[PDB]
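The figures that follow rest on heavy atoms only: side chains count, while hydrogens, waters and symmetry mates do not. All residue numbers refer to positions in the sequence shown, counting from 1.
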Amino acid sequence: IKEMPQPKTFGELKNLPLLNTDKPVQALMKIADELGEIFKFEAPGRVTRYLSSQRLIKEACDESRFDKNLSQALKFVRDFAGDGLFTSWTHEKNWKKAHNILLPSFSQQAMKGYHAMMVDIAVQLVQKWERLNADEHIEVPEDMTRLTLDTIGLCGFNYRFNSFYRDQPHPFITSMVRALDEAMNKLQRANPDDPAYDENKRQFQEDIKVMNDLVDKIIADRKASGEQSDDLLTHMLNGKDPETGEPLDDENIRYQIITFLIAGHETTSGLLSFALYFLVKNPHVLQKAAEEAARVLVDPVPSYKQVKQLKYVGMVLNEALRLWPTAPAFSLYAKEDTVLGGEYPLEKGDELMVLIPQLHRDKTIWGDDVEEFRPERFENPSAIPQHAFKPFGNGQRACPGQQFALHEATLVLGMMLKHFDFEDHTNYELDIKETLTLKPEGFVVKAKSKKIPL
Ligand code: MNH
Ligand SMILES: CCCCCCCCCCCCCCCC(=O)N[C@@H](Cc1ccccc1)C(=O)O
C-alpha cells in the first residue's frame, strides 16, 4: 500500500495555482512526466487523482468498479449543455433515455445516408482551396472548423451554417469558443464570486443566449418542414426510448442540440488540424497517405465504400489521436470502496482523471519511440492491448459519434491529399490551444492544386 506523489503546493490554495495557465492539460502532462503513472491533485475542498499508465487506466475503465464522473470542467459546460448525453450522470433518467433514442442515428444505414452530406461540405472545402490565388495560405484550424461545424449542422439538423461564406467565424463558434474558454478559466479561480469576474459572468450568459437562439432557429426550421430525414434531429423529436417508451421532452432536446453541435464538430476539427500538422512535419507519411488517396478515390466524388478503403488515412487519424486526443481527459468516480492497482486505497465517490495523452505515451505499451508520428503502429489493431488507446472514452459512456467523426476525417483528408500538395511554408512551431478541447493555433500551410477535376 504506497502513497501517491503530489506536485508543488501554494499553502491554503494547495495545487490550484498549477492550473493558473491557458494550457492546463499541457501543464498536467509535464507534472505526469515528473511524478509518473499517478498523482494526487488538491484544491480547497477537493481532491482528484491523475492516471497516466495503461496498468491503472485499464482498472479505472472497469464499469463494475468506476462510473463516468463530471469534472469541474463538465460541471461548468453543463450550465449550457444541461443533461444532454455528454454532461449527464449515468443515473439521471435522461442519460439512458437519450442514449437509447439517439444511437440509431449512428447505424451503418444512417452513416451511408450522411455520406453525401459530408461530401457536400468537403467539396466546399476543396473548392475554397482550389480558388485561392498564388501564394495565399490556408488557416488550417479555422477551415477545419468551417467543415466540421457545417458537416454536423447538415448531417445532424439539415441546417446550413454556411461557414465557407464567412471570412470571420460563425457567431455560434465565437460564443461556443468563449463559453468553453470561461469553463476552463473558472477551474483555476480560488475566489469565483470576486466581483472582478462580474463581466465574465455576463459575457458567459450572452454566449449562452447566442447558442440557444441558434437552437430556436434549428427547431423552427424543422417543425416548419416536418421532414423525418432519418437524421439526429428526427430521432430527437420523434424517437421513443424502448425502455420507458417516452420521447425526449423539449428542455432535453435543446440541451442535446447544443451538445451534438459542440461535441459533433470541435474535436473532429482538432483531429484534422493535428493530422495535417503531423503529415507536413513527416513527409514519408504524407507521401504514403497521398498515394493511398490518389489510388483509392478514382471518382470525382468519394463513395462511402471508397472512404472505407483508406486504411492508411485511418491510421494517420488514429496516430494523430494517440499523440493529441482532442478531448484530452475524462473523469471517473469509485462506485464502491476498492483498491486501485493493488496499491492505492480509494473511498466510494473518489474522483479519477484519465490523462489520455500520457496514457498514449506509456512506453511499456507503445515502445520507446512514443513521440514519433508512426501510423504503422496501427497497421494491426489486435496488437494494441485492451484500454491502451482511449481517445473516445470508455464503455457505455464512450463516444457514440466515433464512426461519424472518423468517416468525416477520412473522407476530408483523403480529398485534401488527392487534390493538393501541402507546404509547411512557415516551418510552423506547434502551439496547442486549450478550450477544454485541444487544437493547434496559428497553424498555416500553402496548398498547390494538383488540378484534379471535382
Ligand atoms: C475526433 C472526434 C471526437 C473525439 C476525440 C471525441 C471524444 C469523446 C470523449 C473522450 C468522450 C467521453 C467523455 C467523458 O467525459 O467520458 C466523448 C463522448 C461523447 N461524444 Mn465524442 N463526439 C464526436 C467526436 C469525437 N468525440 C462526434 C462526431 C459526436 C457526434 C456526432 C460526438 C458526440 C459525443 C456525445 C454525445 C458523447 C456523450 C456520450 C454519452 O456519455 O452518452 N467524445
Ligand atoms: C457538449 C459539450 C462538449 C464539451 C467537451 C469538452 C470536454 C472535453 C475534455 C475536458 C477535459 C478538461 C480537463 C480539465 C483540467 C482538469 O483536469 N480539471 C479537473 C481538475 C480540477 C481540480 C480542482 C479544481 C478544478 C479542476 C476538473 O475539472 O475537475
Side-chain angles (χ1 to χ4, degrees), residues 1-53 56-57 60 66 68-81 87 89 177-205 207 325 327-334 340-341 343-359 431-438 441:
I1 283 149
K2 206 62 210 72
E3 160 172 355
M4 285 173 215
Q6 164 166 33
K8 58 184 188 153
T9 66
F10 308 69
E12 63 168 57
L13 291 188
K14 313 212 188 159
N15 298 121
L16 200 52
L18 297 174
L19 303 190
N20 210 313
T21 180
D22 60 349
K23 305 187 184 192
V25 167
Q26 281 163 107
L28 292 165
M29 285 171 64
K30 292 182 198 291
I31 294 163
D33 276 331
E34 268 122 38
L35 304 176
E37 73 189 333
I38 184 171
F39 62 95
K40 180 203 272 223
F41 187 105
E42 297 174 317
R46 177 168 306 96
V47 53
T48 191
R49 304 141 179 91
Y50 282 94
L51 304 204
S52 294
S53 76
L56 293 182
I57 293 168
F66 308 87
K68 170 158 170 150
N69 180 55
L70 306 179
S71 47
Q72 256 322 128
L74 285 191
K75 279 172 172 191
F76 288 149
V77 171
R78 178 145 168 150
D79 282 316
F80 61 85
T87 45
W89 304 92
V177 163
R178 194 168 40 212
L180 292 174
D181 222 57
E182 172 75 355
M184 191 179 80
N185 293 321
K186 261 139 105 182
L187 291 174
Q188 83 183 253
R189 280 176 209 166
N191 309 310
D193 285 12
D194 196 276
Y197 298 122
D198 280 327
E199 190 57 75
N200 305 78
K201 280 171 221 227
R202 185 49 44 194
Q203 174 69 97
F204 193 68
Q205 282 293 16
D207 283 333
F330 54 102
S331 198
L332 300 157
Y333 69 85
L340 189 70
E343 296 200 58
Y344 303 103
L346 297 181
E347 281 167 1
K348 170 157 191 186
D350 271 353
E351 287 187 284
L352 295 181
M353 291 296 310
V354 176
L355 201 36
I356 307 172
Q358 292 306 109
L359 170 59
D431 182 4
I432 295 186
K433 182 207 191 145
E434 306 201 13
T435 67
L436 306 179
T437 61
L438 306 181
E441 181 167 34

Heavy-atom pair with the smallest gap, counting every atom of [X] and [Y]:
{"X": "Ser53", "Y": "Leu359", "value": "C-CD1, 4.0 Å"}
{"X": "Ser331", "Y": "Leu352", "value": "OG-O, 2.9 Å"}
{"X": "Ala179", "Y": "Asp207", "value": "N-OD2, 4.3 Å"}
{"X": "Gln26", "Y": "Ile432", "value": "NE2-O, 3.2 Å"}
{"X": "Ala183", "Y": "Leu436", "value": "CB-CD1, 4.0 Å"}
{"X": "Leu13", "Y": "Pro44", "value": "O-CD, 4.0 Å"}

Rounded to the nearest 0.5 Å, how far apart are [atom1] of [X] and [atom2] of [Y]?
{"X": "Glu34", "Y": "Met29", "atom1": "CD", "atom2": "CE", "result": "12.5 Å"}
{"X": "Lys40", "Y": "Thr48", "atom1": "NZ", "atom2": "OG1", "result": "11.0 Å"}
{"X": "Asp350", "Y": "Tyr344", "atom1": "CG", "atom2": "OH", "result": "14.5 Å"}
{"X": "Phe204", "Y": "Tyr197", "atom1": "CZ", "atom2": "OH", "result": "15.0 Å"}
{"X": "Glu37", "Y": "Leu35", "atom1": "CD", "atom2": "CG", "result": "11.5 Å"}
{"X": "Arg178", "Y": "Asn200", "atom1": "CZ", "atom2": "CG", "result": "11.0 Å"}

Less than 4.5 Å apart, side chain to side chain, heavy atoms only: is that true for [X] and [Y]?
{"X": "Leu51", "Y": "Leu332", "value": "no"}
{"X": "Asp33", "Y": "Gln358", "value": "yes"}
{"X": "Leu18", "Y": "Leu28", "value": "no"}

### Query
With sequence neighbours left out, what residues match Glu434 under salt bridge (charged side-chain N to carboxylate O under 4.0 Å, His left out)?
none
Using atom types as modelled and distance alone, determine if a side-chain donor or acceptor of [X] lies under 3.5 Å from a backbone N or O of [Y].
{"X": "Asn15", "Y": "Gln6", "value": "no"}
{"X": "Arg189", "Y": "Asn185", "value": "yes"}
{"X": "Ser71", "Y": "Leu74", "value": "yes"}
{"X": "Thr437", "Y": "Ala327", "value": "no"}

### Query
Is it true that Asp193 and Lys201 have a side-chain N and a carboxylate O under 4.0 angstrom from each other?
yes
### Message
Going by the rule side-chain contact (heavy atoms from CB on, under 4.5 Å), which residues pair with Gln72 if we only count those two or more places apart in sequence or in a different chain?
### Response
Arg46, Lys75, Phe76, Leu187
### Query
Aromatic rings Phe39 and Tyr50: how do their planes relate, parallel, tilted or perpendicular, breaks at 30° and 60°?
parallel
### Message
Quick check on side-chain contact (heavy atoms from CB on, under 4.5 Å): which of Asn69, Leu346, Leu70, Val47 does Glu351 satisfy it with?
### Response
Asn69
### Query
Do other residues, nucleotides or ligands put more than 12 heavy atoms under 6.0 Å from the NZ atom of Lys186?
yes
### Query
salt bridge (charged side-chain N to carboxylate O under 4.0 Å, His left out) between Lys23 and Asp431: does it pass, once the steps are laid out?
CA-CA 10 Å; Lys23 305 187 184 192; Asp431 182 4; 2.7 Å; yes
